[PDB]
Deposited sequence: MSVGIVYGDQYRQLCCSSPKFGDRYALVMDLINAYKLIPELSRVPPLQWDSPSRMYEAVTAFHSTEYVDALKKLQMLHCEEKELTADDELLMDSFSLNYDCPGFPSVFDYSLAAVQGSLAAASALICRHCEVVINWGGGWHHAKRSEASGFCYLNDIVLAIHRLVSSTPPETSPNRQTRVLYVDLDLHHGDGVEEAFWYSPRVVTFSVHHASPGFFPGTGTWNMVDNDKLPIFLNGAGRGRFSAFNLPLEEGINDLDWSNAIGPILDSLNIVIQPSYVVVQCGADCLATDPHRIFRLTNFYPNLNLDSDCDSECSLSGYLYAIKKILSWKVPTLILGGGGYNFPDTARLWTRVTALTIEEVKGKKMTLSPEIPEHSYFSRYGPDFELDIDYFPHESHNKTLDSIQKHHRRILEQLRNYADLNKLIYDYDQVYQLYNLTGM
């Protein structure tokens, strides 16, 4: 069974943000137009019984002042109420400004994603679903008491927390962040824990957001940080130079995902699948596609994870070419069904007739309009193997040690 999170209030809230507008609608209406909805099981967003029960759910990761400020900021924006100097300092202190500004529904729009992923996480716990999807989730930048990257409440953190806090021996989660940007928020949320392994495959360069997930800084030469305390060696990162395509990206992360699955054997796998690595994203950093027989990098990684047959949570994320993000994630969904229920779904190369059909112009095709073309990655593989060795030793883990090396 493959679950997917939708609902009228959910659809209204995920489409009420200023940055992502109606992206969530184009995504779900295109999944609907390809007749995939009947094969999917609708997981409804979580809802609490009291305000107190909501706060205790959300302040599982965030602090109460930040959540209070975030609710106040929605209150102030609703009314034409102006922000006093004291209100300005309060908001600034949680970085709710500039890149993460308030709007009439900033708290309800942030909370929706926390509901979707928590619901998707419980769906996996009770074995109702083998894999759950939440394209209105995956905001990996939100931190305990600060907003970043138009991520206000970190749904991913909350959904992982729920997973590890559930009887299996000892539950362990593998987190895999395919977004262009570094999964900093999910990574310091478990920085100190060895039971949640975070691996992010992003772009890094001077001045590029968020600027973490790579060598830092004095101690003469700089080191590459990978967790702390009893969670040392638990956070993995693969920073890639701009202009990588499907093939190299796939060869880049392929061996790293197999190693992590072998050595860790996670109870659950959470996948952030931000679509801003597409060649046609305004960022214009990576050159991935959504092609499927030169197979797409995303789909390649998704297949590799599904083959593990571990309960998997697939979340959306970044992605600012709305129709092309829809193209990508519709495919990701078809794959998920094919790979879980064993049912092969054939998707016509022509975009079906539906509400947002005009947006997919002027060619109205399922593949994004990009013709691909085109080693420090070796250095990273070696560093990542050693780290992986240092991690299994630290946590008294046994593994082939030979088959993992053969993977490269």
Ranges missing from the model, given as deposited sequence positions: 1, 170-175, 225-226, 303-314, 396-401, 436-440
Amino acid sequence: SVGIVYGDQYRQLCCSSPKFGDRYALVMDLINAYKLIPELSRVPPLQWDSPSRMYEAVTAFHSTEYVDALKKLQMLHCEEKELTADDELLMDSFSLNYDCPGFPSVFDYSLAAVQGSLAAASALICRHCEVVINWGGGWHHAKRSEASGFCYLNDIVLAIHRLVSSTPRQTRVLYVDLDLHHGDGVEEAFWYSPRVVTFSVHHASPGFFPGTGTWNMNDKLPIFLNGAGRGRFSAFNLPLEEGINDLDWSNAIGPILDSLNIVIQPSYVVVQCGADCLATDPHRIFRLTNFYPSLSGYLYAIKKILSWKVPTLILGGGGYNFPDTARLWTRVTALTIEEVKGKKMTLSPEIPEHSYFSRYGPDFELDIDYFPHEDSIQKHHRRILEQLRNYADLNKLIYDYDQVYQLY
From here on, numbers count along this sequence of modelled residues.
Between the two ranges 384-392 and 17-25, the one averaging a larger CA B factor in the entry: 384-392
Residue range whose averaged C-alpha B-factor is higher in the record, 375-383 or 61-69: 375-383
Selection from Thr330, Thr84, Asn154, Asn134 [criterion: highest C-alpha temperature factor in the record]: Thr84
Residue, from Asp177, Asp276, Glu80, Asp184, that the PDB entry assigns the highest Cα B-factor: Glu80
Within-chain third of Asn237 by Cα B-factor, per the entry: lowest
Third of chain Cα B-factors occupied by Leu89: highest
CA B-factor ranking of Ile253, expressed as a third of its chain: middle
Lowest, middle or highest third - CA B-factor, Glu188: lowest
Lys220 CA temperature factor, ranked by third within the chain: highest
